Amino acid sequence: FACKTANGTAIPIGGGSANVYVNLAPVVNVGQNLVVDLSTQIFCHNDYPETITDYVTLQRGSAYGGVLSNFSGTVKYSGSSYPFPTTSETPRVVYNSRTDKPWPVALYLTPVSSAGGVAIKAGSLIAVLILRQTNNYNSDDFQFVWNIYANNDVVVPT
């Protein structure tokens, strides 16, 4: 089992880290949601789908930068919603193909009432997401760590 990002980088068998740069919504109001769909960005595959089932969970989601200060969020993992920054680990999605498929996570962030001006800054770290891979074959328990960066400023009008 390995993963890749849409821009290039790969995390190989056994785990690692990688950076993911994402465009964010330029303007979001109090009462609106910023959606950050990471499933257009991170993809994974099973290296032996013919006997092995890989189980993948979102083990941890943390917020950094402006997301941490200025937003409150939920994370949607494979169609279900949990608070964000995460307070538990998610259920498991299955991987059973050798074709890369999205890791189905999206963040939903809405600005807190005190937010105004530039609420997220271009180039900055906004989240660290940990993907955890295990299987029905051995004791492998691996961490794929995704460091998420903003490509642009996000403004909360005021």
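Residue positions are given as counts along the sequence shown, with the first one as 1.
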| request: Higher average CA B factor in the deposited record is what I'm after, so tell me if that's 109-117 or 128-136. | output: 109-117
| query | Sorting the chain's CA B-factors, does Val30 end up in the lowest, middle or highest third? | reply | highest
| What third of its chain, lowest, middle or highest, does the C-alpha temperature factor of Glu89 fall into? | highest
| query | Which third, lowest, middle or highest, does the CA B-factor of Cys3 fall in along this chain? | reply | middle
| request: For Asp54, return the chain-relative third of its C-alpha B-factor as stated in the PDB record: lowest, middle or highest. | output: lowest
| task | Among all modelled residues of this chain, ranked by Cα B factor, put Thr9 in the bottom, middle or top third, i.e. lowest, middle or highest. | result | highest
